[PDB]
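Just one chain is shown here, as structure tokens, and it is the form deposited in one PDB entry.
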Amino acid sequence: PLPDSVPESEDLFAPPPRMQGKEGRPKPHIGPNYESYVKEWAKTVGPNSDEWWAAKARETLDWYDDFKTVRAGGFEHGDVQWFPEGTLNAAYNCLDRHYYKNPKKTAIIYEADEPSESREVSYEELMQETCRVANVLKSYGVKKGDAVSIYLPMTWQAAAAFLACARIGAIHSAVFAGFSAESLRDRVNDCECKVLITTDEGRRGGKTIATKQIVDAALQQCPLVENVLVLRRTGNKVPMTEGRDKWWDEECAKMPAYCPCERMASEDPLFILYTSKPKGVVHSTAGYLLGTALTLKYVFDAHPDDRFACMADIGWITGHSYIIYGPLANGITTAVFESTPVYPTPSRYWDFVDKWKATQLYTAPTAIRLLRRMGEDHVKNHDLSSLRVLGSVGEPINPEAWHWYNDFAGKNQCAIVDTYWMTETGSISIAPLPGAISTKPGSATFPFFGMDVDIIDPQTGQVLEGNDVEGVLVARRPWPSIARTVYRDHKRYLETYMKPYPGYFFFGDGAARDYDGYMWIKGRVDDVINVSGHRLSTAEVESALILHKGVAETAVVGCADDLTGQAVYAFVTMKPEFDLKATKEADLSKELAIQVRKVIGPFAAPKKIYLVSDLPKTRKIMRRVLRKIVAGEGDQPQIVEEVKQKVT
């Protein structure tokens, strides 16, 4: 499905001199043209890819036991396997083997919230801190295969917390520091962890995150948790429960600074990551580790002495893959950025780049757009010439933001890599190789090694041949870092990703292939309602009403309201196998509204819930029609009258 050659220019930004091995920069791993990418990429998919993947696995990672089979399983039953017979350890490949080679080399550039508090953490320090925690965890009784929940802000010990679980064969489950008590509670209960690692307080952008207060509130509804390990990030007074709670530093003081590595099967679960019932995406060890290491080495052209600056949070897969696992497996310096893009000033990113001579920067378009609105003076006068690659992740990067990234952050001398992937992909799925691909602003370009993607017509289900087609993005074969299951919910795993288009992996995103073969991912434009000052998306309320099994389809719109600013109005149609006769229509309305209140909050409950035979549809739901009906525009295909009656 990929082009054999991408010609021409004038809308193509070719790899700049810094990515051509000129000006003393390293020669790129893949280059110099598109044909060089295809030549290698074809080796990683299709007929002889086993030889390629076996070689990369043995080169990239340190194994205790060699593997015999390269790959097995597939989408149909969710039995994906990569290098199944081999054994290894994530902590060994990210800490031990590098500490053995260069102990004093910096592993983490810890950019603290306050710039003066920033410092470098070496591989020796990170490993010793990781081993102390692992020894603490073993003393609590944590065994191989046990879940450990982590609720940590962007301080450097979070990597030690992750790697400690990976060291002993435990399954860490990171929860974004800043999640509510209810959100943390659901994830803690779902993974059935008995140990929680958290901090007393968080710090970000000069504001304090009351983590331990949130943890205490959440733990009241988490009966399984027995031990809490509390990092003294600020040292301020926080409530501590006797017996349950112990101090991280005090506990580590009793333990040795070395801890042996558990020999893990390639398919032993490495972690659970809940996407924002909670969906705990489960990743294996060897395939995920190889995927992060290879994507970092090629998508960002990382080289042995590089300093990689990913400004994401470890609560998202970006921090998992491209702050901790990817960079540390490659033995390079990685950045843990505790602050915000504009604290203390909108030059924070660029002070960081010149301070540490960062070679790659990896952030989200929301940060890029924020800095553009702050002004050129915060970026125009910096050096930034240590950078070679600038990365965008999380959402489409708009043409204005792409050029600002290129003109000021890169000074027209960096390659811009727009990366598309998901929590379930484990590593970057579609992204330009900076030394080979000429980029188009807003395009993720071409699939990574091991990714064989295609566009499927959502209506017919058939694969769209050729260019200038749009549909839904699918993958044809499993890749090493693919999620292996959803924790204790394999049925939801198969239904969500393997059932909708059989024989394929369903990303769930719209995509386009334009004319040169460049891939374009479509985003989401779900409407936003301002209820009493709170921004509610119509998707959340529609996703909340559908949890009532028996509801087939919903479409919520927003109308004006004299009391709340705006009100949520919801149209609901029940599934045929319901026979709604044991309940009056008003009983279901109260039931559904209470349901949304419990799951989104006391403000997202619909004002009126209209039960209708069917929603108005074309071939999507005509929400513009529904909005006008709620707003008294019936004066301005038969269901429309039915909807008018139920509203009037």
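Rigid core (definition): largest C-alpha set, two forms, superposition within 1.5 Å. The numbering used is simple: start at 1 and walk along the sequence shown.
Chemist: Output yes if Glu23 is unmodelled in at least a third of the other compared entries of this protein, no if it is modelled in all of them.
Modeler: Modelled in all the others, so no.
Chemist: Please establish whether a third or more of the other compared PDB entries omit coordinates for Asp635.
Modeler: In at least a third of the other entries, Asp635 has no coordinates.
Chemist: Per the record, how many residues of the deposited chain fall between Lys581 and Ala582 without being modelled: none, 1 to 3, 4 to 9, or 10 or more?
Modeler: In the deposited sequence, nothing is left without coordinates between these two.
Chemist: In terms of residues present in the deposited sequence but not modelled, what lies between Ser276 and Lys277: none, 1 to 3, 4 to 9, or 10 or more?
Modeler: The entry has a gap there, with 4 to 9 residues left out between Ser276 and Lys277.
Chemist: Which of the two stretches, 433-441 or 563-571, shows the higher mean Cα temperature factor in the record?
Modeler: Higher mean C-alpha B-factor in the PDB entry: 563-571.
Chemist: Using only C-alpha atoms and the B-factors in the entry, which stretch averages higher, 206-214 or 132-140?
Modeler: Going by the record's values, the stretch with the higher mean is 206-214.
Chemist: Among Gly78, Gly86, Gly558, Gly280, which residue carries the highest C-alpha B-factor recorded in the PDB entry?
Modeler: Across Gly78, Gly86, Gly558, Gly280, the entry lists the biggest C-alpha B-factor for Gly558.
Chemist: According to the deposited entry, which of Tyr64, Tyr610, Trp52, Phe67 has the largest Cα B-factor?
Modeler: Highest C-alpha B-factor among the listed options: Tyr610.
Chemist: Please say which third, lowest, middle or highest, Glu40 falls into when its CA temperature factor is compared across its chain.
Modeler: Tercile = middle for this residue's CA B-factor.
Chemist: Sorting the chain's CA B-factors, does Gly394 end up in the lowest, middle or highest third?
Modeler: Middle third, going by the recorded CA B-factors of the chain.
Chemist: Which third, lowest, middle or highest, does the C-alpha temperature factor of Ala552 belong to within its own chain?
Modeler: For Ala552, the deposited C-alpha B-factor lands in the highest third.
Chemist: Which third of the chain holds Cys222 when residues are ordered by C-alpha B factor: lowest, middle or highest?
Modeler: Its C-alpha B-factor belongs to the middle third of this chain's values.
Chemist: Lowest, middle or highest third of the chain for the C-alpha temperature factor of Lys357?
Modeler: As the PDB entry reports it, the C-alpha B-factor of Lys357 lands in the middle third of its chain.
The following text describes the form deposited in another entry, which does not appear among the structures shown.
Chemist: Given a cut-off of 2 Å on Cα movement between the shown form and the other one, rigid core as reference, pick the single residue from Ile30, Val70, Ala42, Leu611 that exceeds or meets it.
Modeler: Once the cores are aligned, the residue moving by 2 Å or more is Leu611.
Chemist: Using the rigid core as the reference frame, would you say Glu542 shifts its C-alpha by 2 Å or more between the shown form and the other one?
Modeler: Yes.
Chemist: Determine, after fitting the two forms on their core, whether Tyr151 shows a C-alpha shift of 2 Å or more between the shown form and the other one.
Modeler: No, shifts by less than 2 Å.
Chemist: State yes or no: after fitting on the rigid core, is the Cα displacement of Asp351 between the shown form and the other one at least 2 Å?
Modeler: No, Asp351 moves less than 2 Å.
Chemist: By 3 Å or more, the Cα spacing of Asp509 and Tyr569 differs in the other form; is it closer or farther than in this view?
Modeler: Residues converge in the other form, at least 3 Å closer.
Chemist: So the Cα-Cα distance between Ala539 and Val486 shifts by 3 Å or more in the other form; is it shorter or longer than what we see here?
Modeler: Their C-alpha distance grows by at least 3 Å in the other form.
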